[PDB]
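A lone chain, given as structure tokens: the form deposited in one PDB entry.
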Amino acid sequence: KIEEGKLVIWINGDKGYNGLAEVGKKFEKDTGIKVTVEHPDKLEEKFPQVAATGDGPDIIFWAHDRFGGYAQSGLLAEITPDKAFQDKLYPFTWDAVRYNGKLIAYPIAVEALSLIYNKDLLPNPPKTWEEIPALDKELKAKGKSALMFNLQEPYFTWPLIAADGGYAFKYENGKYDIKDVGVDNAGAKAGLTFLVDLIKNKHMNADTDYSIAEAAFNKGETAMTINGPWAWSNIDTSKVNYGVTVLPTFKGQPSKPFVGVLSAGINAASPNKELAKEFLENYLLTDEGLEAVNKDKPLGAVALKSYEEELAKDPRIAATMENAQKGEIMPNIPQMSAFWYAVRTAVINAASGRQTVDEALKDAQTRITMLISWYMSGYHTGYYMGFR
């Protein structure tokens, strides 16, 4: 049950929830109104359970990708920032927080893969994927390799597959088209081809996984890897002199890593929606509010322009943002589950020579198209009947 005249906030235990509590303490000093921050266990399971009965927190913080599920279940209120408020944040971040074209959360922070490089082996990392084969032959003369990154998980190989036109679902006019899937187009094929022949030509090994690639980079055996901000604290400990930069281009187009956006939704059942807006818009989403959170536990790159400009003095955080701006927002729809599953197989099969590139992606597209067409029958029959 859901107390009026105060805010309850849930946010994950690995965030700066003590910093967020200082923002709640400022709100109260200014306003007289109490803010309570909690970090329950298993919060993203607990939220849709408790909020369906029309209880829960007023505000929930989590990765945007799961809010598409919450919104679809009617658990998130539509938010109402004005145009001037929208303008304070990088415009691509509002595209991560829509459901049925309506805004359903405030973007807070942004995360994406970047190119991580050893500055001692490689003072200037390559601008293009095309140059990596030659760079590799040159480094292998020193007993070093050019690049090693997790090849087993589509999240890591997608940025190259997407560079030339690959995509999960087409996004147009604030909305995904679930019938327009871009896994077997000519872009995806050209990229996966370039990848598979790095392996054929012996510049990568089809078996390289997350820990193998992380050990090589942190032992100074390879000049480059591809990883996110969660990896930087291991690289600091390794004392490798590293830098973090823009991903290489492919056919002159930017690599397109998937982008995760830590967001704040408002419970559809809260009687404090205007209070939640005021707290989010005028206290948290300000340079002093993001600073308090980030000082407790770093946020990485943030959606608020004014504060990202301060953070982006760290070139590593600048690189994350540049790569995120160039990347593909992770679609927040439940059909994204079909993609992970089909594409993981396709890549692992193209990579190991089990299938050709053209064959592995063609079949991926088929499987995804089929799972969704079945999902939507489930839907048109769940619906017409659930109504009665």
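Residues carry their position along the shown sequence, with the first being 1.
Beyond the structure shown, there is the form deposited in another entry, which is absent from this document and is the topic of what follows.
Scanning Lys144, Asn185, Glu288, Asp314 for the location where one rigid part gives way to the other between the shown form and the other one picks out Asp314 as the hinge. Between the C-alpha atoms of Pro229 and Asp14, a gap narrowed by no less than 3 Å is obtained in that other deposited form, as opposed to the form on display. Closer approach of the C-alpha atoms of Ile59 and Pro229, by 3 angstroms or more, is seen in that other deposited form than in the present form.
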